[PDB]
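Presented below is the structure to which this report refers.
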Ligand SMILES: [Zn+2]
Ligand SMILES: [Zn+2]
Ligand SMILES: [Zn+2]
């Protein structure tokens, strides 16, 4: 529904989340662009990763197709910039609003789960050697996020 | 010669030299001559001229001389820049005189509005609307208005209340909005704007609940500026008040019909405003010994309103109400629009011509401090409906107030209610980027010079350690005191 | 002291907490405030999971701060 | 001689909710205010055993998509 | 109008601008009230990195429209 998206947009403009920002890209309110500043105390510090939200025609009862536009290093995010959250495919809940899905993604930037990973190649590096992970993620952030 | 005459002398001389060139000197000598004379007349005395004349001249609002001054100073290289300073510093010097002195509170805003209009006028006429001077006019006002925390906002808020009040019949509709527009250009410069709302909201709360607003169209005009100036979030709570007044009248239509359908309608003609508790100023409920006919009227309404909207609760504000008490004096009947406290206390002065301060108190239950204020309104006011024994301005516990049956007043209806963490981080990388190599000691020194807040040594070191971790800065291989720029 | 938390339903509620308090009790306070089970909360501060076996003082949380509440998720 | 009588009266009264607005999560409306779909023109509020409030017109559709409360993960039944 | 430029920490810096100011003006105003020179800002409004030549009216910035500020430590 639009009215749900309208209310989300207004209540986000008034009281924005701290390190998040999302608004329509143009005339079509169903196509937002968001932005997840890299959480502090993480390899993504100082980064600004742009998402691309797409709300379906029944948005309250059906998840939005969010997908990173800035190539992010993450076991749970493929090089194409697609996420695989369980909340976003299987356990979508209408009570969860865009200000919340963006914040949950921001939290998951620091809390991956290499078990059942969308990118096993990075998942193996993360599981085995976390020291190298925090450097490869840092260089990807510096070469894409800044 | 004084500066105002001296500028005329310089204006004369330049044109003579300008006239000489056309007369007999070759045109190729036009420029070096003018610059030569111009350098000596003004270029060597820019500070001397400005100090002697500008500060005096600006106060007198001498339009022509300033126009001559700005016109002349533009010729010198850096002359105009020298004029911005002594003009800018004049604002911060004379401006502070308006705000710093607390003894000038009653005449604060009008000076700020007047002094604002004056400097703007100088920009429009003399300085040829120079955009650079416009900015430093805005930037300068922002500074000195904020040298007094939270008081200019209060006075601007109090000022707008006076303009909008029903007592402000003198300023017509067109005149008023122009005054507000000048205020909004002044309200922008304040920093503690969140303090302006509470002072303007509390005043606006009084305006609606006593119907003293001069022009409803002027009210809605005001918020249309704040909403455009600070967004709907800033003015969200304000607009809720207007809805409540709008919604309350609708409730009165439905409620009044209910009493008409009932054959038992009290002589008391009733109106009650229903206001969303979240928006309005916080009021402390306080109990009063209402009469048996008085207590019923809320009960029918409270049940009625609740019956029409479940989940609500109407907790009353006896303080903000006001009733009418037609009186039977010895020289004609009079009406008294009186608050509930005045209503109850004045309902203690008929059976007995007088009662003690304490005799009334347990009868009604008002707080002593406010009961005294109420009684003062009934004895010491212009409409002396009581005779205080002993007579005086202030009320005492031993007072046996006596009802004034000899009350005389011109009007028939009368009123008595008159009574830093990232900042450190950003600077460190910024400074070190330029340097490309630096020690700890200088890096520490320039921070306080470049940071306008205290910096603890422990906090300062922690950021340095954090920046080392993120590869922003690197220590020397052998000198921990010495850092190097990495990227 | 107290702390602000932004529940899922758009509302905001204030929690009376101490820095020594552990996150498990924080989630229990969220529960008896509105009632989503201790397991399903996932408190977020600066985009960080608030681990159950820790206390606010661990995460550098002070007065008038804000904690964000979401629904429990997982990787993929 | 003795006359305790009142002839008119105006007052005010602040209204507050019994417990809380109970913000619907599906539609983000106010409980007395109708469902977001129902505004476009009898929209009742239906409780879950969680005590969670939802407009019937919202929670019915969500149930038609999922027999799960959106806030809590328990199942949906009224009282 | 007022734009409140809230950074990561949650501090909500107030700013004032005319409807036609170029965003370089916005960054300069942030410099005065916060101290970060315009080279090291990256203002993000509603998920669009503002570009240093666009006028504020381009983005439909209104009263009380919150921006976001993120530090670019390099910042040229
Ligand atoms: Zn409905
Ligand atoms: Zn539930
Ligand atoms: Zn609903």
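Residue numbers (PDB author numbering), protein chains in the order written: chain D, 2 to 147; chain e, 254 to 672, 692 to 759; chain U, 1 to 76; chain R, 19 to 59, 67 to 104; chain N, 1 to 76.
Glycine is no exception: its CB is placed at the ideal position from the N, C-alpha and C atoms.
Distance between beta carbons of residue j and residue i, contact taken as under 8 Å
i: residue 452(e); j: residue 407(e); result: 5 Å
i: residue 351(e); j: residue 370(e); result: About 13 Å; that fails the 8 Å criterion.
i: residue 546(e); j: residue 519(e); result: 6 Å
i: residue 24(N); j: residue 52(N); result: 6 Å
i: residue 23(D); j: residue 34(D); result: 7 Å
i: residue 614(e); j: residue 624(e); result: 6 Å
i: residue 698(e); j: residue 36(N); result: 5 Å
is_contact[residue i, chain N] using C-beta, thresh 9 Å
i: residue 141(D); result: no
i: residue 392(e); result: yes
i: residue 553(e); result: no
i: residue 413(e); result: no
i: residue 36(D); result: yes
i: residue 731(e); result: no
i: residue 580(e); result: no
C-beta neighbour in chain R for residue i, strict 9 Å
i: residue 512(e); result: no
i: residue 571(e); result: yes
i: residue 565(e); result: yes
i: residue 576(e); result: yes
Short CB-CB distance (under 9 Å) between residue i and chain e
i: residue 154(N); result: Residue 154(N) falls outside the range modelled here, since chain N spans only 1 to 76, and no answer is possible.
i: residue 46(D); result: yes
i: residue 32(R); result: yes
i: residue 22(R); result: yes
i: residue 41(R); result: no
i: residue 27(R); result: yes
i: residue 74(N); result: yes
i: residue 32(N); result: yes
i: residue 15(D); result: yes
Neighbour flag for residue i against chain D, beta carbons, 9 Å
i: residue 56(U); result: no
i: residue 35(N); result: no
i: residue 54(R); result: yes
i: residue 235(e); result: It is not possible to answer for residue 235(e), since the shown part of chain e is limited to 254 through 759.
i: residue 44(R); result: yes
i: residue 10(U); result: yes
i: residue 93(R); result: yes
i: residue 83(U); result: The structure shown does not extend to residue 83(U), since chain U spans only 1 to 76, so no value can be given for it.
i: residue 57(R); result: yes
i: residue 5(U); result: no
i: residue 29(N); result: no
Cutoff 9 Å: residue i Cβ touching any chain U Cβ
i: residue 98(R); result: yes
i: residue 114(D); result: yes
i: residue 41(D); result: yes
i: residue 38(R); result: yes
Which of the residues in the stretch 38-52 of chain U, read from start to end, lie with their CB under 8 Å from any CB of chain D?
Look at the stretch 38-52 of chain U: the residues with a C-beta under 8 Å from a C-beta of chain D are 42, 44, 46, 47, 48 and 49.
The stretch 90-101 of chain D: which residues have C-beta closer than 7 Å to a C-beta of chain R, in chain order?
Sequence-ordered contacts of the stretch 90-101 of chain D with chain R read 94, 95 and 96 [C-beta pairs closer than 7 Å].
At a CB distance below 8 Å, what residues from the stretch 72-90 of chain R approach chain D? Give them in sequence order.
Against chain D - using a Cβ distance shorter than 8 Å - the residues of the stretch 72-90 of chain R are 83, 86, 87 and 90.
Any residues in the stretch 50-71 of chain N with a beta carbon nearer than 7 Å to a beta carbon of chain e? Which ones, in chain order?
Within the stretch 50-71 of chain N, the residues whose Cβ lies closer than 7 Å to some Cβ of chain e are 62, 63, 64, 65 and 71, listed in chain order.
Counting pairs of beta carbons, one from the stretch 723-733 of chain e and one from the stretch 5-21 of chain U, are three or more of them closer than 8 Å?
Cβ pair count under 8 Å is below three, so no.
Closer than 8 Å, Cβ to any Cβ of chain N: which residues of the stretch 49-70 of chain D, in chain order?
Within the stretch 49-70 of chain D, the residues whose Cβ lies closer than 8 Å to some Cβ of chain N are 49, 51 and 52, listed in chain order.
Residues in the stretch 10-24 of chain N having any Cβ partner in chain D nearer than 8 Å:
Residues of the stretch 10-24 of chain N with a C-beta less than 8 Å from any C-beta of chain D: 10, listed in chain order.
Count the C-beta pairs between the stretch 127-145 of chain D and the stretch 82-95 of chain D that are closer than 8 Å, then say yes if the count reaches three, no if not.
Cβ pair count under 8 Å is below three, so no.
If we require 3 or more residues per run, which beta strand (DSSP E) segments fall completely within the stretch 549-609 of chain e?
The stretch 549-609 of chain e contains these whole beta strand (DSSP E) runs: 565-577, 580-582, 585-592 and 607-609.
Should the stretch 112-128 of chain D be regarded as contacting the stretch 67-86 of chain D, the criterion being three or more beta carbon pairs within less than 8 Å?
Yes: the two stretches touch, three or more of their Cβ pairs being nearer than 8 Å.
Counting only runs that start and end within the stretch 392-448 of chain e, where is the alpha helix (DSSP H) found for 4 or more residues in a row?
Within the stretch 392-448 of chain e, the runs of alpha helix (DSSP H) that reach at least 4 residues and sit entirely inside it are, in chain order, 404-417 and 426-440.
Near-chain R residues of the stretch 599-619 of chain e - C-beta to any C-beta below 9 Å
Shown in chain order are the members of the stretch 599-619 of chain e whose Cβ falls below 9 Å from a Cβ of chain R: 600, 601, 603, 604 and 605.
Would you call the stretch 31-39 of chain R in contact with the stretch 557-576 of chain e, where contact means no fewer than 3 C-beta pairs closer than 8 Å?
Taking 8 Å as the limit for Cβ pairs, the verdict is that the stretch 557-576 of chain e does touch the stretch 31-39 of chain R.
Scan the stretch 471-489 of chain e for residues whose Cβ lies nearer than 9 Å to a Cβ of chain D and list them as they occur along the chain.
Sequence-ordered contacts of the stretch 471-489 of chain e with chain D read 484, 485, 486 and 489 [C-beta pairs closer than 9 Å].
Length at least 4, wholly inside the stretch 15-58 of chain N: the alpha helix (DSSP H) runs in chain order:
You should have 23-34.
Three or more beta-carbon pairs under 8 Å between the stretch 371-381 of chain e and the stretch 319-326 of chain e, yes or no?
Yes: the two stretches touch, three or more of their Cβ pairs being nearer than 8 Å.
Can you confirm whether the stretch 455-470 of chain e touches the stretch 419-426 of chain e when touching is taken to mean that 3 or more C-beta pairs between the two stretches lie within less than 8 Å?
Yes, the stretch 419-426 of chain e touches the stretch 455-470 of chain e.
I'd like to know if the stretch 53-73 of chain U and the stretch 19-39 of chain U are in contact, where contact means that at least 3 CB-CB pairs between them fall below 8 Å.
Taking 8 Å as the limit for Cβ pairs, the verdict is that the stretch 19-39 of chain U does touch the stretch 53-73 of chain U.
Where are the beta strand (DSSP E) runs, 3 residues long or more, that stay fully inside the stretch 275-342 of chain e, in chain order?
For the stretch 275-342 of chain e, not a single whole beta strand (DSSP E) run of length 3 or above is found.
Taking contact to mean at least 3 C-beta pairs separated by less than 8 Å, is the stretch 309-318 of chain e in contact with the stretch 279-286 of chain e?
In short, these stretches do not touch, since the Cβ pair count stays below three.
Give a yes or no on contact between the stretch 51-58 of chain R and the stretch 75-83 of chain R, applying the rule of three or more CB pairs nearer than 8 Å.
Here the stretch 51-58 of chain R makes contact with the stretch 75-83 of chain R; the two share three or more CB pairs at distances below 8 Å.
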